[PDB]
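Worksheet: the structure to be examined is printed underneath.
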Amino acid sequence: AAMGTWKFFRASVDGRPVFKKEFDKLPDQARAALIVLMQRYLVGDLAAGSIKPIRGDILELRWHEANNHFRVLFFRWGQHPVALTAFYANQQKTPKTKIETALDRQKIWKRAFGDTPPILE
Amino acid sequence: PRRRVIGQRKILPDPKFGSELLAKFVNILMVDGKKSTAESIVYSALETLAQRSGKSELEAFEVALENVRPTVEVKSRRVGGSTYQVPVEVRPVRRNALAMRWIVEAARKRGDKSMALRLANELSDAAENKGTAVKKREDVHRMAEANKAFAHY
Amino acid sequence: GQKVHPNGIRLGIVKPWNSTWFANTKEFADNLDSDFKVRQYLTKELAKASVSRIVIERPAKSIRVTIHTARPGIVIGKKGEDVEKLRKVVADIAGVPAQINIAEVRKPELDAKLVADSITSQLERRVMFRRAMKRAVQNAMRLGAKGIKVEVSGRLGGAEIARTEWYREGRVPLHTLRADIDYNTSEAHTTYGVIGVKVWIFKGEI
RNA sequence: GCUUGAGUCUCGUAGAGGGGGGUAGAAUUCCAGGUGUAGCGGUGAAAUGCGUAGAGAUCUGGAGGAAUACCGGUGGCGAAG
RNA sequence: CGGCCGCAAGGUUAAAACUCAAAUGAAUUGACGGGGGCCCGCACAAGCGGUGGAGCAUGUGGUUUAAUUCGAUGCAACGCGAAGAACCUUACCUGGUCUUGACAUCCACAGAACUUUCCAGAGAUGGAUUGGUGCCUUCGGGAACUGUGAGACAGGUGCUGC
RNA sequence: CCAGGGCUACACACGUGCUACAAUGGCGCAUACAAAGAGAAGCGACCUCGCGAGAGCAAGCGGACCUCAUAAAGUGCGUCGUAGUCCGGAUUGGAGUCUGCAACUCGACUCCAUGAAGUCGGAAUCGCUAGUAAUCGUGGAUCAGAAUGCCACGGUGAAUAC
RNA sequence: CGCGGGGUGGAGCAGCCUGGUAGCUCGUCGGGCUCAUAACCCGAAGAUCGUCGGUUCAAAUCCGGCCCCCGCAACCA
RNA sequence: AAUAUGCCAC
Ligand SMILES: [Mg+2]
Ligand SMILES: [Mg+2]
Ligand SMILES: [Mg+2]
Ligand SMILES: [Mg+2]
Ligand SMILES: [Mg+2]
Ligand SMILES: [Mg+2]
Ligand SMILES: [Mg+2]
Ligand SMILES: [Mg+2]
Ligand SMILES: [Mg+2]
Ligand SMILES: [Mg+2]
Ligand SMILES: [Mg+2]
Ligand SMILES: [Mg+2]
Ligand SMILES: [Mg+2]
């Protein structure tokens, strides 16, 4: 809501951000573009065909390469969504492998920073 | 298979007695292709049982087998919701194979020392209907008797 | 599915070896590298002459290279001034005395390597690939090959989706080992990428 | 004017064509009783349900309602239902 | 909606605004069926022996780290590329260094190469230098091998197997 | 380009294997029977030394000749007598051999010692119908060293299929 | 305000009335079947009982208050 | 006897 109510995935309290590194790995200005799209997720307009609840509560945010494939698996943790993994994929539909990695990161975040987010945040 | 098997593989009768029935017994008892060990164990069991009883080794073996051999077993048929335990009469070759297999299972599961001792004791118990093998035959026949209603098939 | 090499699966049966020198484990690697260098140099320097086949033998500390070519006059030149230079460089590469022997290839229209090279040159020259393939098949079946198959695969005609098209006439029984299937490949480096040409020519039996 | 359309009369024909009235046998159900015991009934299995207060089964006698086995037939009749 | 009919359920007559570029019928080729018929395969059934439990080896995912290089990841990835990571390999990381370059051609100049030895530096690399100063020869120059000097380029296990 | 490090990290999860859980066995002593392959800065006899890995001198052989290289399971005798055990070998301590400039991260092997979990494995799941499965050893490629993997070779050798 | 109750894993409930110890279902986690998910199958963990202070050798239990949540009552003029 | 589902341009 304050244009930055995002939380990036860490494996623990001081666990080196396992998403910021996998995000810096993303080639070139796709990083800035995806930051823009996160801002747009907090804007409330981010266009059609870009977001998809893949399976579970895991939402794929998409960008480019072939057809919207600079993919980012996140999930909504209250008002502030948590960005799990960010990855390049070629074929449509995030590989099952990457999906299952996203699910496991979701569960790990739940068991680290909490199951439901704080009362007021 | 969906075609048909040729004639059964030829089996060389065992040297000490020349009985293909005993050859099959040795083969069934054999583990990891150690026929020498299987034959030694079977021969020791046979001589031991012959000495404890008095019968010839071959005829005593036949008596122990006969007290364990079934006549009707149960096979599974599908109609719906539940399965039919249809009782089917057994052919003699399968009778002997099953008797040998049950004897060997009981002997292996017995708690003695040398397997020759285990086999001699198990066959001796079969000679008066006491072993786990004759217990298994009892179970097979009483299960078939219970399911006898399905026999008509 | 993938298919076995029509030459390799027949080498010991109805084909010859393009190299018949004997050496032991001390010499095998060096002789193979030198044969590779000689063949590469010869093909590069005789791209124009249409060299159909290069056989190499090593009798005794010597190298004999038989060049089955379709323009022996072209590869020889005046008297022998061209083959002399070729022999000199071949000897220098192989580190041993050389002997180049030119072999007449009658009918470049029944030789898989020459057909493939012709088709690739046309493809570079931007001729229609369907026309090139039909021309090759017609030429071979008029020269009298019992059968021929031509396959061209790649970004044909500037397409962005690579496809494969193949023409055929007569019989090309690749499964029969005794059948004379002369097969060979070539590549055409067009401005839109590489295009692969494969030619099978069935010339007869035993 | 005419009769070949249309219609009437004379003789017969086949039909679950319609409306009204009566009756027949088979069967299910119920009621009364007799014999007669622990099961019955049901399902793919099961349970709900019925039964030792005596069911189910079987026999006798009633009551009442509904529908008409066989004939029975891409058979018949009817404008259709 | 309004008339008419109805006791009501509702029937009958009967639009419009908007919205799409189709909806539809019959046949055709496949595919599919918890449709049928006829078959086959260690597919089941009949047997034997395993895995899943234990310790270890190995690969993978995940965490971790500066790096834990990259690839394969339904069957048809996971003792797979890799027929064999101490340095090398090695592509990754931390630092020390070089930029016509380690490797190619071509331009010019210098110098035979080659061998040995001393210093410093983790080594790269830089200082030197003992010996060497030739092989053909239009004997003057070229052939080699080395350094230097600008490049035209070289280099890329960087991306894209859609 | 160079030296160090990493690819060998470990709360975990999965795949594929190896060794086991024992008496159809373990250990000790004697002994029989193979196929196929490799080899020249390579295979390395014999002999001497070492408890062993191995070391010294060193023939022979690019080989139907020599070496690798005594096959093991099997057979004969003894022992153990059902016990977490003379099963089982993980882990760890000390001492060492070889390769390689170099074995700390991170090698293999040997000796002494330690001797773990494991008593046949839930749901589930795999291979196999013949000399196959099962079981026992041998060789090779890669390779300085570094196989339980991979690729081959033989020995013993079944049950079952209505 | 008086009176009767209640506070128990992440949710719903037992247990407590007879002080010697906390269970059920759903859920969660791990594996399995599935191309994948749901259902399903097999294993596991999880609350130290609202809270303070007493009693007692021992308190979820007994007691006294305190906090919050329900229910009844808060009338006659 | 039970046997629900499958949204990522092509
Ligand atoms: Mg693809
Ligand atoms: Mg109306
Ligand atoms: Mg089976
Ligand atoms: Mg496990
Ligand atoms: Mg296991
Ligand atoms: Mg990796
Ligand atoms: Mg390294
Ligand atoms: Mg492809
Ligand atoms: Mg690795
Ligand atoms: Mg031991
Ligand atoms: Mg070797
Ligand atoms: Mg090796
Ligand atoms: Mg074998």
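So basically every Cβ, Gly included, is an ideal-geometry build from the backbone, and we count neighbours across all protein chains shown. Read-outs throughout are calculated quantities, based only on the coordinates presented, and are distinct from any laboratory measurement.
A Förster radius of 60 Å, combined with the Cβ-Cβ distance separating A:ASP28 from C:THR20, puts the computed FRET efficiency at roughly 0.60. Between 0 and 90 degrees, the angle of helix A:96-113 with respect to the longest Cα principal axis of chain A falls at about 20 degrees.
For chain A, the 222 nm mean residue ellipticity estimated from helices alone, with every DSSP H stretch of n ≥ 4 adding -39500 (n - 2.57) and the total spread over all residues, rounds to -9500 deg cm²/dmol. Take the Cα of B:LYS55, step 7 Å toward its Cβ, do the same at B:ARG94, and the gap between the two points is 2.6 nm.
A Förster distance of 35 Å, applied to the separation of the beta-carbon atoms of A:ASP14 and A:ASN68, puts the FRET efficiency at 0.55. Computed extension length for B:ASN147-B:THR83: 21.9 nm, one decimal, from 0.36 nm per residue of separation with the Cα-Cα distance subtracted.
Between C:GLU151 and C:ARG163, the contour length at 0.36 nm per residue exceeds the Cα-Cα span by 3.3 nm. Annotation: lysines with alpha-carbon distance below 28 angstrom to A:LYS110 (same-chain offsets under eight excluded): A:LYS7, A:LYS20, A:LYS21, A:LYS25, A:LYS52, A:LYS93, A:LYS96, A:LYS98. Note on B:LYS34: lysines with a C-alpha under 17 Å away, same-chain residues under 8 apart excluded, are B:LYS24.
Mean separation of Cα pairs under 8 Å and 6 or more residues apart, divided by the residue count, gives region A:52-118 a relative contact order of 24 percent. Shown is the FRET efficiency for C:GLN99 and C:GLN2, computed with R0 = 30 Å from the Cβ-Cβ distance and rounded to the nearest 0.05: 0.15. Does anyone have the angle between helix B:92-109 and the longest principal axis of chain B? Alpha-carbon axes, 0 to 90°, nearest 10? Here the helix axis deviates by roughly 60 degrees. Pairs of Cα atoms under 8 Å, at least six residues apart: use those to get the relative contact order of region B:1-151, whole percent. About 24 percent, as a whole number.
Cross-link candidates for C:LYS26: which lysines have Cα within less than 18 Å, leaving aside residues fewer than 8 places away along the same chain? The reachable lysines, counting only those whose Cα sits under 18 Å from C:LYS26, are C:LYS61.
Note on chain B: GNM, Cα springs under 10 Å; of B:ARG78, B:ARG94, B:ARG142, the largest mean-square fluctuation is that of B:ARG78. Taking GluC sites (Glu not before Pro) across region B:1-83, none is in a DSSP loop with at most 16 further Cβ atoms lying within 10 angstrom of its Cβ.
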